[PDB]
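This document opens with one chain alone, in structure tokens, the form deposited in one PDB entry.
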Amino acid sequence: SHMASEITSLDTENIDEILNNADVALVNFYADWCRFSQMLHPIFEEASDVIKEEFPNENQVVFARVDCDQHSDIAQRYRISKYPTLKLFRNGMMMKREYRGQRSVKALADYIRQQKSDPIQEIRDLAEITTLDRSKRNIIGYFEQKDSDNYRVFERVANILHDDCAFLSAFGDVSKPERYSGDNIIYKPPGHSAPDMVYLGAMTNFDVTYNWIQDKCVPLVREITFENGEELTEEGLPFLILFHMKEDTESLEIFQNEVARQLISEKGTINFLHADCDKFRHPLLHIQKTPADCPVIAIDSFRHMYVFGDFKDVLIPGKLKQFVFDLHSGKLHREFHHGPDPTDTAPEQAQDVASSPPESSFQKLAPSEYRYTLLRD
């Protein structure tokens, strides 16, 4: 059973050339027998027509498809774990974020439109840097001229990483006070206690400039939102989460510092995250917490949820590390059923609870069997 399409089907021979030449490429990884791929097929067909009218130039937007049953080598090459999967490429480079939005013609076309727009904000006067929103990260390029090899590298990097960080540009007499060294790039971390970080590589070198900028864009503890929730679950690690009100920035700072202090050993075993408690009231209900109880630290193993004792305890050395260790050892699961493990210097005896710890809430944000063919479980 195959459904006809006018979109280019990739195989082992043509894939590298087609992906490398396309400034932007949207690639549908599908299987004939996936009912969700089947429903997406006509929508993907019409979206490519809408986009090719808006973007008809030689290589500016290219829709393509991969039959993952016939080309299992290609599917594994791009770590396809579900159908349908919509990957975005840029000059052959696979973007971290997949399209996970609504499956409609308008939504797909809008995504391309948004991706093709200019993400860099041009500053008009250097006093805008003083008024800069320091809740976010910011990367600022000071250039002599927009028509330069230096800017074209910056432009390319910004196109890749705009969803991760705000990119700002300054030109001419506006930027000349900051260009005694020539063109330069500056990273401004969140908060007013962190000093600037300057890029000392060659701004004509894409690989090096991208690598330095990308390194600044990825926080140690990422914020989980509805937008990135699926992607975060696909990293296959349990969640260690700080639930906090958006305004209370000191709990986050405290949390990030202790993760950096104690949990570097746990880099590839548990995912460090923080979450706006008012947007995540329903997950908090799984553990019977409300924004009133925040800051709240919890683990979600994608089978159960466990609560950290008290946020203050994160100051006590070793406690946070121990909380992670107790997950992997099954101690957290045991202490729910039987109370805290007695020791000789600290036990009255708690009631036994035969029923299970709270169910996972972030499993609900993982790629769903109700809209994908899932390959992993």
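All residue numbers refer to positions in the sequence shown, first residue = 1. Between two forms, the rigid core is defined as the largest C-alpha subset superposing within 1.5 Å.
Between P342 and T343, how many residues of the deposited sequence have no coordinates in this entry: none, 1 to 3, 4 to 9, or 10 or more?
Unresolved stretch here: none.
Taking only the CA atoms, which stretch has the higher mean B-factor in the record, 215-223 or 83-91?
Here the higher of the two C-alpha B-factor means belongs to 215-223.
Is the mean CA B factor in the deposited entry higher across 50-58 or across 319-327?
Between 50-58 and 319-327, it is 50-58.
Which one of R156, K289, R97, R261 shows the biggest C-alpha B-factor in the PDB entry?
The C-alpha B-factor peaks, among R156, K289, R97, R261, at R261.
Go through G191, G101, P238, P283 one by one and give the residue whose Cα B-factor in the PDB entry is largest.
Reading the PDB entry, the winner on C-alpha B-factor is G191.
Ranked against its chain, the third holding the CA B-factor of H338
Its C-alpha B-factor, which the entry lists for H338, ranks in the highest third among residues of this chain.
Sort the modelled residues of this chain by their C-alpha B factor and say whether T8 lands in the lowest, middle or highest third.
Within its chain, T8 is a middle-third residue by C-alpha B-factor, going by the deposited values.
Report the third (lowest, middle or highest) to which the CA temperature factor of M39 belongs, ranking only the modelled residues of the same chain.
It belongs to the middle third of the chain when residues are ordered by C-alpha B-factor.
Position of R376 among the chain's modelled residues by C-alpha B-factor, lowest, middle or highest third
According to the entry, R376 has a C-alpha B-factor in the chain's middle third.
Report the third (lowest, middle or highest) to which the CA temperature factor of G141 belongs, ranking only the modelled residues of the same chain.
Its C-alpha B-factor, which the entry lists for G141, ranks in the lowest third among residues of this chain.
Same protein, other form: the form deposited in another entry, not shown, and the subject of what follows.
Scan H192, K267, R261, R79 for the one whose CA shifts by 2 Å or more between the shown form and the other one after superposing the rigid core, and name it.
If I go through the list carefully, the shifting residue is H192.
Align on the rigid core first; then say whether the Cα of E98 has moved by at least 2 Å between the shown form and the other one.
No, because once the rigid core is superposed, the C-alpha of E98 moves less than 2 Å between the shown form and the other one.
Core-aligned, is the CA shift for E234 between the shown form and the other one 2 angstroms or more?
No; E234 is a residue whose C-alpha shifts by less than 2 Å between the shown form and the other one when the cores are overlaid.
Aligning on the core only, does the CA of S175 end up 2 angstroms or more away between the shown form and the other one?
It does, since the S175 C-alpha is displaced 2 Å or more between the shown form and the other one after the core fit.
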